[PDB]
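Asks: I would like the atomic coordinates for the input below:
(chains A, B, C, D, E, F, G, H and I, ligands or ions: 1)
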Amino acid sequence: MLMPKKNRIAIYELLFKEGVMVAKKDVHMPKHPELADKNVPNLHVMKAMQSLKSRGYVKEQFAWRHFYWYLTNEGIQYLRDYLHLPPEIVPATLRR
Amino acid sequence: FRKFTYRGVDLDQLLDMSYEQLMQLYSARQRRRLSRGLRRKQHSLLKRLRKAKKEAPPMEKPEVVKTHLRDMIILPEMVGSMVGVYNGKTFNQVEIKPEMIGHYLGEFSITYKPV
Amino acid sequence: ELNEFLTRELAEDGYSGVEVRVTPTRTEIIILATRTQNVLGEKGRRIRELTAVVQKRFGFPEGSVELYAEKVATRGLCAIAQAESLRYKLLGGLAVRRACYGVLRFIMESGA
Amino acid sequence: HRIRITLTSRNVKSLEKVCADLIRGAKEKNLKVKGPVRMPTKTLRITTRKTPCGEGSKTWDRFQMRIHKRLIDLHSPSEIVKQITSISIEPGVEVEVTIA
Amino acid sequence: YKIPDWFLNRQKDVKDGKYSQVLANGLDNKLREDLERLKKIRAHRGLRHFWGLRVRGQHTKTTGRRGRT
Amino acid sequence: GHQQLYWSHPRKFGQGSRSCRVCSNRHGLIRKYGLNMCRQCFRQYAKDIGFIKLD
Amino acid sequence: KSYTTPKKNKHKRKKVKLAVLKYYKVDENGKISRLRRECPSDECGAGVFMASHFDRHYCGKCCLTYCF
RNA sequence: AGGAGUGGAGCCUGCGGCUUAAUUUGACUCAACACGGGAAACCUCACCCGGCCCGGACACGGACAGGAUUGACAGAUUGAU
RNA sequence: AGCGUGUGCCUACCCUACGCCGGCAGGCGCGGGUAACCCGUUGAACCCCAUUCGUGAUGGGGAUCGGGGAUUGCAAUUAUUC
Ligand SMILES: [Zn+2]
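Replies: Numbering: from 1, shown residues only, chains lettered A, B, ... in the order given. Have a look at this structure:
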């Protein structure tokens, strides 16, 4: 499949900012629900998150519709590696 | 032998009248087929069929064309060509007659066999 | 929704039930669970990330809800956590029968 | 001026206790109050086939719920009404304030 | 005779096209020419009338017991 | 245009426009009072909502 | 695996040998000579040029066909 | 003791049988047969015929920004702009 | 008369009265309702009263069978409904 670059760096810059996110079980949808900025899709976000499932960087939760993902430290080091910023910044889940 | 009339009007007159009095010329069930709004949402196949009818053949029957639409209207401008109805297996190679105006295109299909 | 979500997720540390208290501008909620040390994680990271999950899921004003948890008293007298304990005993390597008599003597001298 | 306090809940005994506590507070804070009305309740009826398969005797579920609504009238400013609705909050009771 | 045009039996016929009330021998000729017209044009309703079953779209598991044996 | 041909039948009516909230089923759904759920899971999780069978 | 009807091939891209080298043709100097005419559309100007067939020209993502 | 009846007349509906590329399928005396809430014009839909795309993540290699790779109007093609 | 039902999550599809147009099915303006408020005192049906019919497959039965006219949707032929 084709993965456009802007949406994927968008989901890094949202996933590093807010660590946990939900996604309703919908492939046939024109617009991703809680990201109302651009015409971002949902199936590409699903495929990226199951890629981090296949590497094991993020855990999985699923109840009826809303796929819940939980990142581990491997996802943290992958995010801070592809972000190319020094690690003096922290994700907001660590912030109290 | 008799010059047939579409309930009073000849076929030369049928090709000499247009839609805006044609929908009073035919019945009410397929008036809404032509008058409820714009015909563009699935009518690209209808437009291509109109191109295939208006393209000019030599002095014989025109070239064969098949369609997968069954709920197609018949018009006086549709008279005198070849269409093929989608029956799943076989396109029925049956001509039309100028006295067929009013019915649908899918009026020529057997079900299975004469058991 | 939230009850079956906690049965899917919080079953690792013995979740029992939920009763959410509706109140405007402060939506408090209590969670009934046994192992309280395993619900907060590492100084309250887990509670805040479940709060962020609820905020991103249900479409609420941010920084409004707060999630509580506590140790259950007379823990043998809640049926969900005892079933989860029997599941945890039967999962690893135990025989079914001796686990049944163990949970039976636990509930009988628990006080029921 | 006129305050039309409408109260919605689910249980009858909790509604009666909350209405009694509101009447007691209105008597304690030295202000007039109108009569406690009891609005009639409607059912919640759903009939379903009890068999997930297509097999069984003709057995069904007859679910019913009585949902409770009630109303009362006040003649006071919003300070005392807000304090009463802010104190003694139980989760089965949803208050509603409307000046009408 | 001040009878409204909707208040007729046959409307827009092939012969005249005017709203006319046509009686027993005339309707016999009308039904004969209509059945021969559908038989000649070989429409779906014409073939259904040619086979001789319920042309109005019904189910024939319990009906038609007295037709053929 | 395959992805342009995903959406050729608009889902605003019929049965494909609607689905359950619990099990992705489209047979035997409850539309009354916005339940939006199949009947068997409604029976399973009725008491968790707060429903009691008084009759 | 192998069905009855012969399957066609998907439109894979071959090795276009030094395409950008054929974008401009330099005779002797440091000047720039444009062989293919640049696209006059609003989306792309002097950065994208039109596709060169033998019958009629075509654009890229603009998708305009200019009649002669 | 009775009453209302059914089975017979016409019609809706389900099953068995025939047939069709396909007529999707389970249940067979109480304890299957207006049953799966199953009143389907398309989705439903699970069946056949017709053509597209992957919804092959990832690991080991080949290949590769000197190209590893995508989206199509002029116009022939089925069924479609 | 009583159980009931009603502006919607993704989700648009609701309940209708008043006032005109045509016999009808329907069309345009027009307000109200999150509901003992608007439909709605649900002027419900069956029954009842004053004519019409008279033992005749008959003023029962409406099966079978053509034409015209309406609303729904992307579209009703294998009759969608009236
Ligand atoms: Zn251009």
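
Asks: give the contact list for whatever residue of chain D ends up closest to the ion.
Replies: Nearest to the ion in chain D, going by CB to the ion, is residue D:52, at a distance of 59.9 Å. In short, each C-beta sits where N, CA and C put it, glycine included. For residue D:52, the contact set (CB atoms under 8 Å, 6 or more residues apart in numbering or on different chains) comprises residue F:40.

Asks: you'd agree it is in a helix?
Replies: No: Residue D:52 sits outside any helix when classified using DSSP: H, G, I helix; E, B strand; the rest coil, being coil.

Asks: what helix or strand does the closest residue to residue D:34 other than its chain neighbours sit in?
Replies: Spatially, and ignoring its direct neighbours in sequence, residue D:34 is nearest to residue D:73 (3.8 Å; CB to CB, 6 or more residues apart in numbering or on different chains). Element membership of residue D:73, judged by DSSP states H and E, is strand D:68-75.

Asks: Let's see that strand as CSV, backbone CA atoms only.
Replies: Below are the C-alpha coordinates for strand D:68-75, written out as CSV (Å, rounded to 0.1, in the frame of the first residue of the first chain):
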residue,chain,number,x,y,z
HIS,D,68,-39.3,8.8,37.8
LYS,D,69,-39.9,12.5,37.2
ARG,D,70,-41.1,15.2,39.7
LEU,D,71,-41.3,18.9,40.0
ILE,D,72,-41.4,21.6,42.7
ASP,D,73,-41.6,25.4,42.7
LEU,D,74,-39.4,27.9,44.6
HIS,D,75,-39.5,31.6,45.4
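
Asks: got the contact list for the residue in chain D that RNA strand I sits nearest to?
Replies: Nearest residue of chain D to RNA strand I: residue D:43, at 3.5 Å (CB to the nearest atom of the strand). Going by CB under 8 Å, 6+ apart, residue D:43 touches D:64-66.

Asks: switch to 6 Å and redo it
Replies: Contacts for residue D:43 (CB atoms under 6 Å, 6 or more residues apart in numbering or on different chains) come out as residue D:64.

Asks: Kindly indicate whether it is helix, strand or coil.
Replies: Residue D:43 ends up coil, using three-state DSSP.

Asks: Report back the residue of chain D that's furthest from centre.
Replies: residue D:55 (41.6 Å; CA atoms, centre = their mean).

Asks: Please confirm that that one is located within a helix.
Replies: No: Residue D:55: not assigned to a helix; according to three-state DSSP it is coil.

Asks: Now do the helices in chain A.
Replies: A:5-15, A:43-55, A:73-83 (DSSP state H).

Asks: and the second one, is it in reach of RNA strand H?
Replies: Yes: using CB under 7 Å from any atom of the strand, we find that helix A:43-55 touches RNA strand H at A:43, A:47, A:50-51, A:53-55.

Asks: My read is that the residue nearest to residue D:34 contacts residue D:35, right?
Replies: No: in this structure, residue D:73 is not within contact of residue D:35 by CB atoms under 6 Å, at 8.2 Å.

Asks: which one of those two has more residues nearby?
Replies: It is residue D:73, of residue D:73 and residue D:35, that has more neighbours when counted by other CB atoms under 10 Å in any protein chain shown, with 16 against 7.

Asks: For beta bridges, what are the partners of the more buried one?
Replies: residue D:4 (DSSP bridges).

Asks: Can you name the residues of chain A that neighbour chain C?
Replies: Neighbours of chain C within chain A, by CB under 6 Å from any CB of the partner chain: A:20-22, A:61, A:63, A:66, A:68, A:93.
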